[PDB]
Every structure is written in structure tokens, then in C-alpha cells.
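Engineer: The structure is given below, and queries will be raised subsequently.
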Amino acid sequence: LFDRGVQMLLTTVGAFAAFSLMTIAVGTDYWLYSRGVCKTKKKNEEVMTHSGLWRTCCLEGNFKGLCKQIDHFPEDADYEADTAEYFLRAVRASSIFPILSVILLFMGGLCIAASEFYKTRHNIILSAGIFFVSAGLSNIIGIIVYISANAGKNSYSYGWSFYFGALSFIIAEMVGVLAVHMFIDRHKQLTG
Amino acid sequence: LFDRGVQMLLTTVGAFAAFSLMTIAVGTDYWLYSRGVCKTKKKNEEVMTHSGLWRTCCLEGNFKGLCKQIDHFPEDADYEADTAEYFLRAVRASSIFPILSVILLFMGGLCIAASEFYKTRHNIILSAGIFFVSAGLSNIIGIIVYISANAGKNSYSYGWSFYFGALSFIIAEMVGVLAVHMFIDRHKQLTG
Amino acid sequence: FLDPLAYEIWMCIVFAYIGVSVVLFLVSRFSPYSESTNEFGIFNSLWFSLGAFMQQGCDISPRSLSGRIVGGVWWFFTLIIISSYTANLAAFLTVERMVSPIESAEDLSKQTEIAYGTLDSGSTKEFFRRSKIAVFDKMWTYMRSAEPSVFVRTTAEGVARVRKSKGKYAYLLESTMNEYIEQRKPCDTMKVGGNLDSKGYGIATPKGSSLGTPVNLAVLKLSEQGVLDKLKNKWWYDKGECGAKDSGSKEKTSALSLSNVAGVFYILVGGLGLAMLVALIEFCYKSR
Amino acid sequence: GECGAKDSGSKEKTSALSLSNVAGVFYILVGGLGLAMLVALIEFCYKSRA
Amino acid sequence: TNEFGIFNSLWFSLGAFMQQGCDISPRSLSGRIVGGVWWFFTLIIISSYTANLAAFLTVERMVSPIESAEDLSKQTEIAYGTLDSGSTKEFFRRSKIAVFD
Amino acid sequence: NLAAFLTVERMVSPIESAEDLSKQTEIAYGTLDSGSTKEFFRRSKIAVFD
Ligand SMILES: NS(=O)(=O)c1cc2c(cc1Cl)N[C@H]([C@H]1C[C@H]3C=C[C@@H]1C3)NS2(=O)=O
């Protein structure tokens with residue numbers, strides 16, 4: 001690895017980049033490009049359907065920009081007997097995991113700045129590292145519950161905000177390994 | 001291996017033997033037994049055919065030895081939009097990897113002279129080993145692109161000139177190994 | 001060779017591989033107090049978890065708490081993932097995927113390279129001569145202006161013109177003609193899509209001919225007796241003496257040809273070129 | 001046609017594997033990784049007694 | 001400090017193909033590129049073989065030309081006939097079973 | 001056994017053609033009264049239909 005200084009710049013810019021991409025992915029109107037209807041009851045037309053995480057929109061139909069909250073309302077009696085499928089539905093309706101990836105990556109992406117205030121304490125970096133890792137784990141479960149709920153093909157492709165999400169995972173854990181490298185210096189100074 | 005000095009002769013005679021088999025394989029009129037025609041339309045139904053790399057030829061027909069250089073034909077019902085087939089067409093209508101192997105094996109046969117003439121002016125002897133091995137990889141892919149075209153069931157039978165490609169492949173890589181056996185000691189003569 | 005698993009599966013596999021590798025690097029090398037007690041540096045964990053995914057012996061093993069659980073559950077994962085993948089690998093190779101260029105019967109009305117037209121002096125022309133459905137109007141407008149005259153004198157001439165033009169000419173004909181001719185040797189033609197309308201044949205007479213009513217009553221009695229279907233079977237479906245009915249009942253032999261697998265050898269030879277280059281750059285880096 | 005799924009119940013044995021039906025293997029994997037991080041932190045907190 | 005001379009490379013690269021482990025992993029960075037490339041190539045090849053063999057190893061029986069005269073009564077590609085002056089020919093000469101007629 | 005299940009992820013589908021249905025007491029079948037379908041079974045003499 002290169003100098004111990006730029007590692008801090010690289011770690012903080014990595015945390016910034018992953019956090020920006022994940023929050024954008026959470027906030028973006030769209031995640032995939034598809035076909036269907038953005039709002040009915042339009043029960044006699046079809047519209048290229050442009051759906052994000054918590055919001056959805058549609059375009060290239062008779063109207064454009066009729067954006068709306070995501071279509072992930074409850075099912076036919078929610079099938080609490082199929083409790084594992086309701087669990088999937090509820091977890092993707094109470095969409096904790098992507099905003100939890102935001103929240104964890106937020107806290108880690110700021111906590112790493114206290115590597116240079118109250119410096120060398122080397123436990124503040126460990127808590128950042130753990131959250132850097134847990135943010136990617138929280139991203140991966142988030143991705144899978146999205147697609148599992150999608151599959152709860154119809155000519156659709158994932159889009160830029162989705163590749164940003166995956167790119168946020170890639171970078172957040174690169175920061176995680178870089179944080180551990182900085183840890184295994186600063187702590188071995190105490191252990192020898 | 002022992003016999004430190006004549007390993008140079010052994011590897012260079014190996015290189016020329018491989019180069020001879022390779023150039024004969026690339027130069028040979030025949031490569032496999034097949035059903036076909038001496039000239040690309042015997043033209044009524046078939047003549048027993050001994051199709052080559054850049055040619056096709058024939059035996060025991062109404063004329064013999066009337067070999068012809070092989071070309072490409074207009075496909076039908078498209079199915080070329082699967083442009084990996086067109087990629088295969090280009091990689092088949094030009095015998096690029098086999099002829100590159102010839103040039104790489106020849107380039108090795110030149111570079112190996114730098115073992116003794118102007119000896120070990122830097123690790124240049126290593127490059128010859130890479131050229132021998134690079135000719136090797138060129139044969140395996142050149143074979144597999146060839147078969148992945150001409151197998152389109154196959155029912156054919158392969159000819160000795162094809163086995164000269166396989167054998168010159170083997171010899172080129174074993175010359176590669178023996179060129180490393182040269183390099184590993186010519187390095188210690190270059191560097192102690 | 002990657003067809004049996006959805007591309008989102010291959011994506012999540014790559015990310016789960018990453019998310020195991022980095023967690024073993026975190027849980028090992030964790031200063032287990034000099035501290036050198038774990039060999040699982042990041043490049044080693046990234047190698048281990050690949051080998052575990054590929055069920056290939058790996059010299060290094062965690063032996064720690066909480067890293068040995070990461071191992072245990074990455075094994076449990078990968079056993080079931082390749083158990084499933086392997087099961088469908090060979091199956092997804094001999095598929096011969098269909099490449100039909102048109103499906104909707106409307107894709108013809110978007111282009112000027114697949115020519116099409118209709119029989120001259122027949123209902124296959126009168127329907128476009130009448131039908132004000134704007135897609136059919138634009139079709140008819142093309143068919144009445146594209147040189148050379150896209151019409152043909154007979155259905156047999158259209159069936160010829162398809163072969164005269166490699167299917168870059170589409171012939172239009174009534175369904176009962178198509179689903180017959182498709183079934184006749186050599187069966188080189190084929191149907192696409194649905195049907196543009198639902199017309200039918202009728203027995204015709206001069207107006208007011210005395211046959212009109214007894215002929216109607218006969219046609220109805222022949223339908224109520226179930227004769228017209230068996231007469232249809234006698235000439236369309238029984239006489240499927242050819243590759244369409246045959247392929248509807250008969251299938252290929254087994255074994256596995258090289259083109260099913262050639263992609264693995266290509267990415268292999270590429271990988272070895274890459275390996276050689278990625279070590280030669282490092283060697284020449286140390287050389288200067 | 002506001003109800004029909006249009007599923008005939010076909011039989012083609014080249015249907016790609018659904019990620020949803022695999023998914024629970026990933027849910028187990030992630031639960032394992034999380035429990036492992038927990039056990040690693042609590043074992044480090046114990047070892048920090050010595 | 002590096003075991004992969006030719007006769008060790010040539011043994012690792014076989015014990016990896018046969019899915020029976022190996023004496024040691026390669027430690028060179030590129031040695032791990034060629035290791036992962038080989039482990040993938042083998043996982044493909046000896047998954048395709050082991051899946052395809054499971055089709056062969058069930059039973060051999062022959063579908064034969066179509067019986068029951070189902071397709072014989074419908075295509076010219078299999079000819080058939082009967083004994084002249086025989087009861088079988090007379091049976092076809094008289095039967096009103098539609099396939100037989 | 002998993003490789004047997006993953007041969008296809010589809011339902012078995014039910015008995016059809018009314019063959020076994022017209023050859024079992026276990027499942028009854030019937031038709032619309034005063035209907036053209038009942039009249040068709042009345043007067044059409046295809047052997048399975050009679
Ligand atoms: N395509 S469909 O089922 O809706 C349909 C089916 C039929 C239609 C019209 C339509 Cl739109 N008319 C035909 C009749 C019309 C004329 C032409 C054939 C007959 C006389 N009977 S049909 O063949 O039963």
C-alpha cells in the first residue's frame with residue numbers, strides 16, 4: 001500500500017463516494033426500465049415504466065412525469081400463512097435495508113474523520129471499519145430482497161441508479177479493507 | 001536437465017522442427033476428411049473431400065488433386081446478427097491465430113539466437129520463451145475456432161496435417177520449457 | 001455455459017464472494033494478540049473463498065472463532081449453489097435458440113428490407129383494399145407502391161417467391177394455406193404470429209340459385225355430424241409428412257459437441273495470456 | 001382480462017433458475033456473516049481482558 | 001521458496017481437474033490467476049460431463065418406427081402392405097374401422 | 001433428488017380430454033340444460049360423445 005497519509009484521503013473520499021452513490025440510489029426516481037402502467041383506476045394503455053426504490057414514474061406513454069410512490073402495497077390478504085413470503089413483502093415494504101445501508105455508511109463515513117481528531121485511538125477506526133463492512137452486507141441483502149420481491153422475462157433492464165448501488169458496495173468495502181490496513185498499523189504499535 | 005550446452009542446440013532444433021511442422025501444417029492442402037467438392041460449385045451432389053485450412057481438396061472423384069482455396073458463402077435466414085458467428089466468420093475466413101503462431105514461432109526462432117549472439121544483453125532470451133509459448137496458445141485457440149466453425153453432425157475424420165498442428169503446439173511449448181531451462185541459468189550467468 | 005443461472009444470480013454470486021472474502025479478512029488479521037497469528041490477509045482470503053466456491057482444496061483454514069463460522073456458511077452456501085447450477089449446466093447447452101426475426105405481424109410495417117405483398121385478384125388483396133385500420137392502410141400503401149410489384153399471380157407463386165428471396169420476402173396468405181404449406185416437404189417455410197383477421201370460406205352460388213338453402217342446410221348438418229373436422233384432418237394434419245410434425249414428435253440424439261463448450265477454452269486461453277502479461281509487467285517493473 | 005395470470009402451466013426444461021427461490025441461501029449466508037462479526041467482536045472484547 | 005517447478009505444476013493442474021484437492025495453492029499473484037482460470041474451466045467441464053452422463057445412465061430402449069399404424073395411416077415415408085389372397089387383406093377389404101379403411 | 005426437482009419449476013397440470021373423466025365415477029361431468037351443447041351430445045354420434 002502507498003503512504004499512510006493518502007490512505008486517509010482515499011478512505012474518506014471512498015466513504016464519500018459510496019455514501020453519495022447509495023443515497024442517490026435510495027433517492028433516485030428509477031432503478032430499472034420496463035413496461036406496464038404507472039397508475040390505473042390507464043387500464044387501456046401501456047407505458048414504459050420507470051420504477052425506483054421508494055418512488056416510481058413512467059414515460060414515453062400518452063403522458064410523462066406522473067411520478068408516484070413505489071407500487072409495493074400489500075397483497076391479497078397478505079398470506080400470513082406464507083409467513084416467509086409476507087416477511088419478504090414486509091421487509092421490502094418497510095424498506096429498512098437500503099436506508100440502513102445509508103445510515104450505517106453515513107455513520108462510518110463520518111466516524112473515519114475522528115481518525116484525525118482524537119487521533120491514533122484506533123478503536124474509532126475499528127467501529128468505522130465494521131460499519132463500512134456492514135454497509136456492504138446491508139447493501140447485498142437490500143439488492144436481493146428487491147429482486148426477490150420483483151420475482152415474488154418481461155423485457156426490462158437494470159439502470160444507472162442500480163449500478164451505482166452495486167458500485168457503492170464495491171467501494172464501501174474497499175474502504176473497509178483500507179481501514180483495516182490503517183488499523184493493523186496503529187494497533188500493532190500497541191501490541192508489538 | 002543436464003547437458004547445459006547442447007540444450008541450446010536441442011531447443012533450437014526443436015524450434016525449427018516445430019516451425020517446420022507448423023509451416024507444413026499451414027501449407028498443407030488437406031486438413032481433414034469430409035464430404036464436399038473440389039471447387040466451390042462433382043458440383044452436382046458431392047465428391048469425397050479432404051478439406052484444408054485455407055483450402056479444400058478431393059480424392060477418388062471424376063478428377064483428383066484439383067484442390068481449391070477456401071472462402072466464405074452467403075448465409076441464409078440471416079442468423080449472422082448473432083455477430084459472434086460473424087466474429088467466428090472473420091476468425092475463420094482468415095487463419096489469424098494459426099498464422100500468428102507461425103510468425104510467433106518464427107519470431108522465437110529469431111530471438112533464441114540472442115542466447116549466444118550478443119548474448120544476454122538484458123533478459124532478451126526470456127522473450128524468445130514467451131514467443132514459443134505464445135505460439136502455443138495461438139495453436140489451441142486456432143484449432144478451437146477452426147473446429148467450432150467446421151463442426152457445424154460433423155461425421156468427419158481429421159487428417160495428419162491437423163496432428164502436425166497439435167504436435168507443433170506440443171513441441172513449441174516444450175521448447176518453451178527448455179528455453180526457460182536456458183533462461184534460468186543464463187540469468188545466473190548474467191547476474192550471478 | 002452460464003445460461004442455467006440468471007444474470008442477477010451471477011451478479012449476487014460475485015457480490016457474495018466479495019462480501020465473504022472481505023469479512024474473512026476483517027475477522028482474521030484482527031490483531032489476535034508480535035501478532036502474526038492469522039495468514040488470512042485480504043489476497044489470501046480472496047483466494048480461499050474462490051477455492052471454497054469452486055470446491056477445490058485450500059491449504060489455509062481459519063481455525064479461529066467467527067472466521068470458522070464464515071467458512072462453514074460459505075461452504076453451506078456454495079454447496080447448494082453449484083449443486084443447483086451443475087444440475088442444469090449440460091442441459092442448457094444443446095438448446096438451438098430460435099431466431100425468428102418478426103413476431104407481431106406489425107414489425108413488417110416498420111421497415112423496407114423484408115418485402116411483403118398479397119395475391120392478385122383475391123380476398124388477400126380485397127381485405128387491404130377495404131380495411132381502414134391505419135396499420136393495414138400503411139401496409140397497403142407500401143404494397144401498392146413498392147417496385148417490383150410485390151403481388152403474385154398464385155399462392156404457388158408466392159410460395160415460390162419466398163424461396164426466390166430467402167424469406168426477405170414475406171408472403172401473405174390465409175392461415176389454412178400457411179399451416180398446410182408449412183407442413184409439406186421440405187417445410188422450409190414457417191408461420192409467424194397470430195392472424196390479422198378471422199375470415200372464412202363459403203360455398204357460393206349465383207344469387208337466387210335454388211341450391212342456396214339446401215347447401216346451407218347440408219353444410220350445417222355436416223358440421224353438426226362432425227364431418228368437416230375429419231375432412232380437414234384428412235388433408236392438413238394427417239398429411240404432416242414432414243419435419244414440422246416430425247420435430248413435434250421426434251428429437252435429437254445425445255452427446256456434446258465442441259461449439260457448446262468452446263467459450264470455456266476461449267476464456268481459458270485469454271486468462272493465460274492475461275496471467276503472462278500481468279506477470280511480465282511486474283517482472284519488467286523490477287527490471288527497471 | 002383484469003385477473004388472469006396467463007400461466008398455462010408449461011413444461012419446458014430450459015427455464016433459468018429463479019433468484020427468488022435461491023434467495024434463502026443468501027439470507028443464510030448474510031445471517032452467518034453477521035453472527036460471525038458479532039462473535040468476532042465479543043471474542044475480541046474478551047481477549048482485551050488479557 | 002516456490003514449489004511450482006514443471007513436475008509440480010503438472011500435478012497441481014491435474015489434482016485440480018479431478019476435484020481431489022491439491023498439495024499446495026499457488027502463491028504468485030499470476031499463479032492465482034491461472035489457478036482460478038483452471039478451477040473455473042474444470043468446474044464447467046466436469047459439471048457438463050457429470051450432468052450429461054446422468055442422461056445416458058438410465059436405460060436403453062428403442063422408440064422404434066410408429067406402431068398402431070397411427071402414423072402409417074398418415075405419412076408416405078413408411079410403406080406397408082398385406083398378404084394377397086389373404087384373410088388380412090380381406091379384413092381390410094371389409095372393415096369399417098376408420099383407421100383400417 | 002434436488003436435480004430431479006430442478007428439472008422444471010412448474011405444476012403437474014390435471015387430467016384432460018375427459019377420457020378418464022368419461023371412464024370414472026370419481027369425477028362427474030355435465031352440460032347446460034336446454035343448451036346447444038346438450039343438444040350436440042343428444043344428436044352427434046361421435047363414439048366418445050355418445
Ligand atoms: N377473429 S373472430 O373470432 O373474432 C371472428 C370470427 C368470425 C367472423 C368475424 C370475426 Cl371478428 N366472421 C365469420 C363469417 C364472416 C364472414 C366471413 C366468414 C364468415 C362470413 N365467421 S367467423 O369466422 O366465426
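Convention: chains lettered A, B, ... in C-alpha cells order; per-chain residue numbering from 1; ligands numbered from 1 as shown.
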For residue 42 of chain E, work out the shell of residues within 9 Å, counting only C-alpha atoms and skipping chain neighbours fewer than 4 positions away, then give it as JSON, numbers by chain.

Structural biologist: {"E": [16, 17, 18, 19, 37, 38, 46, 47]}

Engineer: Would you pick out the contacts of residue 1 of chain C at 9 Å or less, using only C-alpha atoms, so that residues sharing its chain but fewer than 4 positions from it are not included, and give the list as a PDB file with N, CA and C atoms, in the first residue's frame?

Structural biologist:
```
ATOM      1  N   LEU C  89     -26.424 -27.404 -15.893  1.00  0.00           N
ATOM      2  CA  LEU C  89     -25.335 -26.949 -16.801  1.00  0.00           C
ATOM      3  C   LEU C  89     -25.467 -27.638 -18.173  1.00  0.00           C
ATOM      4  N   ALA C  90     -25.158 -28.937 -18.250  1.00  0.00           N
ATOM      5  CA  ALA C  90     -25.184 -29.649 -19.552  1.00  0.00           C
ATOM      6  C   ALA C  90     -26.523 -29.424 -20.258  1.00  0.00           C
ATOM      7  N   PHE C  92     -28.571 -26.890 -20.348  1.00  0.00           N
ATOM      8  CA  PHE C  92     -28.698 -25.577 -21.038  1.00  0.00           C
ATOM      9  C   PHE C  92     -27.659 -25.432 -22.147  1.00  0.00           C
ATOM     10  N   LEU C  93     -27.114 -26.528 -22.685  1.00  0.00           N
ATOM     11  CA  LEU C  93     -26.124 -26.312 -23.734  1.00  0.00           C
ATOM     12  C   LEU C  93     -26.668 -26.607 -25.128  1.00  0.00           C
ATOM     13  N   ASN C 260     -20.622 -26.180 -28.199  1.00  0.00           N
ATOM     14  CA  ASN C 260     -21.300 -25.983 -26.924  1.00  0.00           C
ATOM     15  C   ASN C 260     -20.368 -25.475 -25.830  1.00  0.00           C
ATOM     16  N   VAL C 261     -19.054 -25.662 -25.974  1.00  0.00           N
ATOM     17  CA  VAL C 261     -18.135 -25.514 -24.847  1.00  0.00           C
ATOM     18  C   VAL C 261     -16.967 -24.602 -25.213  1.00  0.00           C
ATOM     19  N   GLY C 263     -16.493 -21.586 -25.681  1.00  0.00           N
ATOM     20  CA  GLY C 263     -16.308 -20.388 -24.878  1.00  0.00           C
ATOM     21  C   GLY C 263     -15.437 -20.584 -23.652  1.00  0.00           C
ATOM     22  N   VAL C 264     -15.474 -21.774 -23.050  1.00  0.00           N
ATOM     23  CA  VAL C 264     -14.624 -22.022 -21.891  1.00  0.00           C
ATOM     24  C   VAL C 264     -13.162 -22.057 -22.299  1.00  0.00           C
TER      25      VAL C 264
ATOM     26  N   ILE E  44     -16.657 -26.154 -15.059  1.00  0.00           N
ATOM     27  CA  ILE E  44     -17.529 -26.271 -16.227  1.00  0.00           C
ATOM     28  C   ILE E  44     -17.442 -27.662 -16.838  1.00  0.00           C
ATOM     29  N   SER E  48     -20.404 -30.434 -16.797  1.00  0.00           N
ATOM     30  CA  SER E  48     -21.119 -30.777 -18.018  1.00  0.00           C
ATOM     31  C   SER E  48     -21.077 -32.278 -18.271  1.00  0.00           C
TER      32      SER E  48
END
```

Engineer: Could you please determine the separation between atom CA of residue 118 of chain A and atom CA of residue 186 of chain A in Å, to one decimal place?

Structural biologist: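 So the answer is 13.1 Å.
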
Engineer: Name the residues, by chain letter and number, that sit within 7 Å of ligand 1 using only C-alpha atoms and all ligand atoms, and give them as a ChimeraX atom specification.

Structural biologist: /C:197-201

Engineer: Those selected residues, please, written with N, CA and C atoms and delivered as an mmCIF file, in the first residue's frame.

Structural biologist:
```
data_model
loop_
_atom_site.group_PDB
_atom_site.id
_atom_site.type_symbol
_atom_site.label_atom_id
_atom_site.label_comp_id
_atom_site.auth_asym_id
_atom_site.auth_seq_id
_atom_site.Cartn_x
_atom_site.Cartn_y
_atom_site.Cartn_z
ATOM 1 N N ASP C 197 -56.995 -11.218 -39.162
ATOM 2 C CA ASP C 197 -58.451 -11.168 -39.080
ATOM 3 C C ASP C 197 -58.957 -12.596 -38.912
ATOM 4 N N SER C 198 -60.263 -12.788 -39.073
ATOM 5 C CA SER C 198 -60.885 -14.074 -38.790
ATOM 6 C C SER C 198 -61.859 -14.495 -39.892
ATOM 7 N N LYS C 199 -61.558 -14.189 -41.157
ATOM 8 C CA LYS C 199 -62.459 -14.554 -42.253
ATOM 9 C C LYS C 199 -62.592 -16.064 -42.426
ATOM 10 N N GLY C 200 -63.465 -16.493 -43.344
ATOM 11 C CA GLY C 200 -63.670 -17.905 -43.605
ATOM 12 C C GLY C 200 -64.145 -18.162 -45.021
ATOM 13 N N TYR C 201 -64.072 -19.431 -45.417
ATOM 14 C CA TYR C 201 -64.555 -19.861 -46.724
ATOM 15 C C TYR C 201 -66.055 -20.126 -46.707
#
```

Engineer: Would you mind listing, as a ChimeraX atom specification, all residues of chain B that have at least one atom within 7 Å of chain C, where only C-alpha atoms are what counts?

Structural biologist: /B:76-77,79,137,141,144,148

Engineer: So that I have them on file, write out the residues from the current selection with C-alpha atoms, as a compact mmCIF listing (two decimals), in the first residue's frame.

Structural biologist:
```
# COMPACT_ATOMS: atom_id res chain seq x y z
CA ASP B 76 -29.38 -17.66 -45.24
CA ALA B 77 -32.26 -16.67 -42.96
CA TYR B 79 -28.66 -15.75 -38.16
CA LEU B 137 -1.64 -20.59 -27.11
CA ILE B 141 -7.33 -21.23 -29.95
CA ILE B 144 -10.78 -24.46 -31.45
CA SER B 148 -16.13 -24.55 -33.76
```

Engineer: Once chain B is fitted to chain A on all Cα atoms paired one-to-one in order, how large is the remaining RMSD?

Structural biologist: 1.9 Å

Engineer: Got a sec: who's within 10 Å of residue 8 of chain D, counting only C-alpha atoms, leaving out chain neighbours fewer than 5 positions off, as a list in words?

Structural biologist: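 Near neighbours after the sequence-gap exclusion: residues 10, 11 and 13 of chain F.
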
Engineer: Can you pull out the residues contacting segment 19-32 of chain D? Cut-off 9 Å, using only C-alpha atoms, and skip same-chain residues under 4 positions away; I want them as a ChimeraX atom specification.

Structural biologist: /A:137-138,140-141,144-145,147-152 /C:5-6,8-9,12-13,16,19-20,69-70,72-74,76-78,80-81 /D:36-37

Engineer: Taking only C-alpha atoms into account, find every residue of chain D that has an atom no more than 8 Å from chain F, and write it out as a list in words.

Structural biologist: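 For chain D, the answer reads residues 9, 10, 11, 12, 13, 14 and 15 of chain D.
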
Engineer: Could you pull out the residues in chain D that DSSP calls alpha helix (DSSP H) from the backbone, as an MDAnalysis selection string?

Structural biologist: chainID D and resid 19:47

Engineer: Report, in Å with one decimal, the straight-line distance from atom CA of residue 64 of chain B to atom CA of residue 39 of chain B.

Structural biologist: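 About the pair atom CA of residue 64 of chain B and atom CA of residue 39 of chain B: they are 11.2 Å apart.
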
Engineer: Give me the residues near residue 50 of chain D as a ChimeraX atom specification, where near means some atom within 12 Å (using only C-alpha atoms) and where sequence neighbours in that chain fewer than 4 positions away do not count.

Structural biologist: /A:191 /C:32-33 /D:43-46

Engineer: Give me, as a list in words, the residues of segment 15-62 of chain A that a backbone DSSP run labels strand (DSSP E).

Structural biologist: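 Listing strand (DSSP E) positions across segment 15-62 of chain A yields residues 32, 33, 34, 35, 36, 47, 48, 49, 50, 51, 55, 56, 57, 58 and 59 of chain A.
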